[PDB]
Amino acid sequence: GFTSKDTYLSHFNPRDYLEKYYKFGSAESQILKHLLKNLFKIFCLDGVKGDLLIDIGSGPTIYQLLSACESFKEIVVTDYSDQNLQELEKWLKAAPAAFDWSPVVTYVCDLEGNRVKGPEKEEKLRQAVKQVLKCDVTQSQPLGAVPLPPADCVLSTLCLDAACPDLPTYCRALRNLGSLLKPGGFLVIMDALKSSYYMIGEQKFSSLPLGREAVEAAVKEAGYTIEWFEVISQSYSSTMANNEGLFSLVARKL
């Protein structure tokens, strides 16, 4: 009764996803602002830094990397959908058909103290991303045959509830992400709470409807220790998703 993974290869329209959720002209923009403030706190204020960050289930978005590129020498972006990776690559290569992230980039520049302007921030992110890879969080080796050094941080925004059909798969996906992380490395997860679907126009996608207690229990079961955990009450618009807020957490792998 859950969206098959192959649906993401064919029916997840990357440009329509960006238009619906990330235009930043709403509930969607309020959630985006909150995610950006937390990402800034984690990568710029807290000590989350290193040589390598792997972003899991990036989709076609780059908002979740704008503060991270200040703290990591390399960022690897990954997703199950090759269409999503191609949309990412249009932005990375600064193609005229790429999505316009400038209002979001400006917002992050403002949060960070106006030390830099938009073009410098975007160039820093483009220089940080060297690999754009296929991933499947449900597999013991999420990156398949591709080898990577153990990462200093694994980040995943709005991916795991969409990717995992049940709670045992969710806990296994957290272990599988841990196989990419060095001992003591950081796990940063942000996702919807209690959502059983989300929409991209008329296309429905399933989501696993977890509450905060089940998320925390799955992270401890998967072998991490949690440093902080935040719940926000703001939910998406009713035409988009049936969540009851969102969570953000930072944990370390044992």
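If you superpose the two forms and keep the largest set of C-alpha atoms that fall within 1.5 Å, you have the rigid core. Residue positions are given as counts along the sequence shown, with the first one as 1.
> Core-aligned, which moves more in 4 other deposited structures of this protein: 42-50 or 60-68, by CA RMS?
The answer is 42-50, which departs more from the shown form in 4 other deposited structures of this protein.
> Among other entries of this protein with both neighbours modelled, does residue 236 go without coordinates in a third or more of them?
Counting only entries that model residues on both sides, residue 236 is resolved in every one of them.
> Tell me whether residue 14 turns out to be unmodelled in at least a third of the other entries of this protein, restricted to those that model residues on both sides.
Across the compared entries, residue 14 is modelled every time.
> If you count the residues of the deposited sequence that sit between residue 25 and residue 26 but have no coordinates, do you get none, 1 to 3, 4 to 9, or 10 or more?
Missing residues, residue 25 to residue 26: 1 to 3.
> Averaging C-alpha B-factors over each stretch, which comes out higher, 119-127 or 147-155?
Averaging CA B-factors over each stretch, the winner is 119-127.
> Would you mind comparing 176-184 and 87-95 for me and telling me which has the higher average C-alpha temperature factor in the entry?
That would be 87-95.
> For the C-alpha B-factor as written in the entry, point me to the maximum among 59, 201, 211, 50.
Of the candidates given, the C-alpha B-factor peaks at 50.
> With respect to the C-alpha temperature factors reported in the PDB entry, which of 160, 171, 105, 135 ranks highest?
Highest CA B-factor of the listed options: 105.
> What third of the chain, by the recorded C-alpha B-factor, contains residue 54?
Middle third of the chain for residue 54's C-alpha B-factor.
> Could you tell me which third, lowest, middle or highest, the C-alpha B-factor of residue 235 occupies within its chain?
It falls in the bottom third of the chain.
> Looking at the temperature factor on the CA atom of residue 70, which third of the chain's modelled residues does it land in?
Top third by C-alpha B-factor.
> According to the PDB entry, is the CA B factor of residue 221 in the bottom, middle or top third of its chain, that is, lowest, middle or highest?
Middle third of the chain for residue 221's C-alpha B-factor.
> Which third of the chain holds residue 109 when residues are ordered by C-alpha B factor: lowest, middle or highest?
As the PDB entry reports it, the C-alpha B-factor of residue 109 lands in the highest third of its chain.
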